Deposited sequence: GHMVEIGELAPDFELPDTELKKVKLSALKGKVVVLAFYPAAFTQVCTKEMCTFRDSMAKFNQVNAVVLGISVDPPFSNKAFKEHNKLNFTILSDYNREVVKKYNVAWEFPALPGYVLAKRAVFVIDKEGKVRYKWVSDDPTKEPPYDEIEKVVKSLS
């Protein structure tokens, strides 16, 4: 099975960004990385909460199971300045154990709202996973963790 814990080497993966370019996690070693998983692009509640990662001092990788084409429109609409990846085959939500089935859509597997901060050595240093998709992560704490790793 898959279980991600602090201190472990973050599971590597390669997913397409909004321009269909392959982005590999391990290629980011030497830089602090923040994985920001979200359930679905265009979820309605002005601007999506993913925009709160715009000012984080690290390489933020937004990740959802939405297709690249839609994530591109999502990224532009909400002025997200970071890389947005499409885990269309659910490979990564499984590797990070942040998968769940959407209540209203039988068999639709998507990511839980989650955040993982990875250090320059590629190890997991912070983990936050909310079963409730409406909850937002502690941005302040996350930024402080990023700082300690910079």
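- Residues 46 to 52 of the deposited sequence are the only ones with no C-alpha coordinates in the structure.
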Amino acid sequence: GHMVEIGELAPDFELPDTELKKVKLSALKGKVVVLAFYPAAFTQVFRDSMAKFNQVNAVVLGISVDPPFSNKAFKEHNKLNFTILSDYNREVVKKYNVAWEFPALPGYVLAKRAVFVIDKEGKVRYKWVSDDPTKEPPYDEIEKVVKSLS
From here on, numbers count along this sequence of modelled residues.
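- Relative to its counterpart among 6 to 14 and 123 to 131, 6 to 14 has the higher mean temperature factor, C-alpha atoms as listed in the PDB entry.
- Remark: stretch with higher mean C-alpha B factor among 82 to 90 and 97 to 105 is 97 to 105.
- Across the residues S64, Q44, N54, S70, the deposited record lists the maximum Cα B factor for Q44.
- In this PDB entry, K31 carries a Cα temperature factor that places it within the middle third of its chain's modelled residues.
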